[PDB]
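Here the Cβ positions follow ideal geometry from the backbone for every residue, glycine too, while neighbour counts run over all protein chains shown. Any read-out appearing in this document is the output of simple, stated calculations on the displayed coordinates, not a laboratory observation.
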Amino acid sequence: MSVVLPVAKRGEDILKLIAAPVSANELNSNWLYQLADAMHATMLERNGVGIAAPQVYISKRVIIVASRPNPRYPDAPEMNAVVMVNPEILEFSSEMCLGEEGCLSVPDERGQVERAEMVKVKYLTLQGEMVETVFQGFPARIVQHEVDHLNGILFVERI
Amino acid sequence: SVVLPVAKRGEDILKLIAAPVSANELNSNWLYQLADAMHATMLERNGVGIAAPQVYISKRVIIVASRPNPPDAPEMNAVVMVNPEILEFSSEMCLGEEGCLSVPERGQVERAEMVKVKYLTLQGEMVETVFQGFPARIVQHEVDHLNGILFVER
Amino acid sequence: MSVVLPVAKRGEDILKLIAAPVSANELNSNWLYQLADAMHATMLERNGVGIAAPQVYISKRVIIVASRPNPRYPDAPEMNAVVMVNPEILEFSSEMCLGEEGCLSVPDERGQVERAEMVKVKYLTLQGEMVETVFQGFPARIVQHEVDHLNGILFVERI
Amino acid sequence: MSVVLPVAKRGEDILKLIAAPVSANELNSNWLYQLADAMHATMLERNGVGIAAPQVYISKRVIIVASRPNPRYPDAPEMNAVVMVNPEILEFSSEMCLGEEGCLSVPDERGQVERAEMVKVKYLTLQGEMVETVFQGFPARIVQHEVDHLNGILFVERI
Ligand SMILES: [Zn+2]
Ligand SMILES: [Zn+2]
Ligand SMILES: [Zn+2]
C-alpha cells in the first residue's frame, strides 16, 4: 500500500482537458487524502517540485507545490509541500521572470518559459479550509505550471 | 464513503481511452479507495453499474451491479473489474432500454446477449467470467465508457 | 522617510500592561498614520512577521499582522500586511495547532505554543472603518500573539 | 492634523513606568515632530503649562515645558514652549520653593509641593542638538514635574 502512479505523456488527450473542481463530498475524505498521498509519492519518486492530478490520469483540480533544492534547481527555496484543492490564481504580477522548466508529461524536452514573478492564489486545503496566499519567484512559477495542467496547457505551449 | 461528482454527456473526459491500471496500483489502498468511492457513488445514484471515467478518473476500472431499481433488473452480487477485456461477444443480440448516469434521455441498444470477460480483481488476480442478458449489457455499457463511447452512439 | 524604533524586551514592564484603546479623535489622524508607518518600518527592518504598539513603547491597541517568508521565519506563508486598530477576537476555534514562536521582545528564546487554528477578528482600519476577517494557521497565530502583547502577555507565558 | 490624545489617570500603570530614552533614529523624524505636536495640542486643549509623554500612553522620554500666565497661575512667566527630548536634571538648588501644582493625570486633587527653585537641565531638541539650560522658579517647577513623570512619579507622592 504505497503507490507510484503512471504519468500521461504529451500526445494523450487527458492532458488537454479542463479538470473538474473537487466537490464538497471529497473534502476531508480518505479518498482525497489517498489521492493526494499517491500524487505526492509520484512526485517524489521522480524528483519533481510539483505535480498536477491530470498528469496521473485524475481529471480533477488538485496540485502540489513542493519546491526544494536539488541538482536541477540549486537555488530552489525550501518550503513545506502544499497540496492545493481547487486552486485559483487571483492575480499575476505584470513583472515577468524567465524560468527553466521540465515536466514529467513532456519527456526529454525542457526549456525557458516566461512566468509572472508573483501570484496571489486561493485554494482549499485537504481538510477543506479556504486559504489565500502569495507566491514569489520559483514557487510562483510552480503554481503557474500546475494550474496550467488543470486548464489543459503544457509548458511548451508558452514558448 | 464518498459520493463523487459525475460527468455528463458533452464533457470530453468521457470520450477518451481510459489508461490501464498498472501493476504497482494493484492491491494498493489507492485502488481500494478508488473502488469504494465508485461503489458508494453508484449505489447513491441508483446506477446498476459505473466506470471510473464517469467520476473524472481515466483508469480502466468498472463496477457491474445489476439489481431492481427506480428499472426492474435481476439482482447480482456487485463485481469490480480492473482492466476488463471482453474476449468473446456472442452474435446473438438482445435489445433493451438503457439509461446512463452521464446521460441524464433514455434509448434502445443492440447488445450481445453473452459476453465472456477477463479481468483483474482489486488484489490483482485474473478472473474469467461469462455473463448473459442484462448483466451482459451492463458489462458492455461500462467497457464502452472505458473506450470513450456513450450509449447514445449506438 | 521611515523610522526604525527601539524595541522593548522581556522584563521591561511596559510589555505587561493592558494597552489603551485608540480613541475616536485619533482615528484618521496623521498621528496614527505616522505611528503605523514607524511600527511597520520597525517590523520589516527586524524580519518581524507581526508587531504590536507596546513593543515600541506605545501603550495603544495597534498591531500589524504581516506573515512572510524571511530569515526569522523561513517557511512562513505570505500575506498582504494588515494594520489593525483596536483588534478584538470575537471567536477562537476549539481546533488548536502547535507552532514555534518568537517575539522581537524575547531575544534568543524561541518556543512551542498552542494556538487556535482559526480566529475571527473585528478591527478598525487606520481611517476608522470596521472590518471582520477570519484567519487560519500561522496568520491566526500572529493575530493571537500580537493581541497577547496588547493585554500584557508574552508568548513564553503560554507553554 | 489636529489631535487631542487621551490622558492616563492615577491608578493606571503606564504612569509608574520609567520611560525609555528616545533613540537616535527618532531625532529629526516626522514620527517625533508628530508625537511632539499631538502632546503640544493635548496640553493646550486643557490650559496646561507642561506635559509628559507617559501621560498620553507613550512611555518615552519627551516632555514639554510651557509656562504662561493664567487665571490658575497669574504672574507665571511668558516663555516659548520648549520640547525636551531625553532630559536629565544636572543640578538641583538646595534652595527650596513651595508651589501650587495640578496634573491632568490627577483629577480633582491639586496641592502644594516642595521644589528646588533652580534646575540645570540638559536635553536634546527635536532636531537632536544637545542643549543645557538653567530654569528658575515656576519653569523650574514644571521641569521637575514632567521629569518626575518620566521616572514614574506623580506630584502627590512628593507631599
Ligand atoms: Zn508539468
Ligand atoms: Zn453509463
Ligand atoms: Zn503632571
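I want to verify the translational diffusion coefficient of region D:61-114 in µm²/s; compute it with Stokes-Einstein, Rh as the Kirkwood radius over Cα pairs, at 10 °C and 1.306 mPa s.
Translational D for this selection: 118 µm²/s.
Mind putting a number on the dipole of chain D about its Cα centre? Charges go on the C-beta only, +1 for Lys and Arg and -1 for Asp and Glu, and I need it in Debye to the nearest 20.
Taking the Cα centre of chain D as origin, the dipole is about 240 debye.
Test of understanding: in a Gaussian network model of chain C with alpha carbons linked when under 10 Å, which of C:65, C:22, C:83 would top the mean-square fluctuation ranking?
Greatest mean-square fluctuation among the candidates belongs to C:22.
List C:90, A:126, D:150 from most exposed to least, where exposure is judged by having the fewest other Cβ atoms within 10 Å.
Neighbour counts put them in this order, fewest first: C:90, A:126, D:150.
Roughly how large, in nm² to one decimal, is the mean projection of the convex hull of the alpha-carbon atoms in region C:1-81?
Taking the Cα atoms of region C:1-81, their convex hull projects to 6.0 nm² on average.
GNM on chain C, C-alpha springs below 10 Å: top fluctuator among C:130, C:39, C:118?
For chain C, modelled as a Gaussian network with Cα springs under 10 Å, the answer is C:130.
Debye calculation, C-alpha points only, no solvent: report log10 I(q)/I(0) for chain D at q = 0.13, 0.15 Å⁻¹, in the same order as the q values.
Ignoring solvent entirely, the Cα scatterers give -0.55, -0.76.
Between their Cα atoms, which of A:9/B:118; C:16/C:120; C:122/D:9; A:60/B:118; A:16/B:116 are more than 31 Å away from each other?
A:16/B:116
For the protein assembly as shown, what ratio Rg/Rh do Cα atoms give with a Kirkwood hydrodynamic radius?
With Rg and the Kirkwood Rh in hand, the quotient comes to 1.21.
Whole Å is fine, so just give me how far the alpha carbon centre of region B:94-154 lies from that of region A:8-71.
With region B:94-154 and region A:8-71 each reduced to a Cα centre, they are spaced 29 Å.
From the Cα gyration tensor of region D:113-158, with a ≥ b ≥ c the square roots of its eigenvalues, which class applies: rounded if a/c is under 1.5, or else prolate if a/b is larger than b/c, or else oblate?
Judged from the Cα gyration tensor, region D:113-158 comes out oblate (a/c at least 1.5, b/c at or above a/b).
Say the dipole of the protein assembly as shown comes from +1 at the beta carbon of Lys and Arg and -1 at that of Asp and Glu; which of D:86, B:50, A:96 then lies farthest toward its positive end?
Farthest towards the positive end: D:86.
With both bridge residues required to lie in the protein assembly as shown, what share of the DSSP beta bridges run antiparallel, to the nearest 5%?
Counting DSSP beta bridges with both partners in the protein assembly as shown, the antiparallel share is about 95 percent.
State, as an integer percentage, the relative contact order of chain A based on alpha-carbon contacts under 8 Å between residues 6 or more apart.
Over chain A, the number comes to 25 percent.
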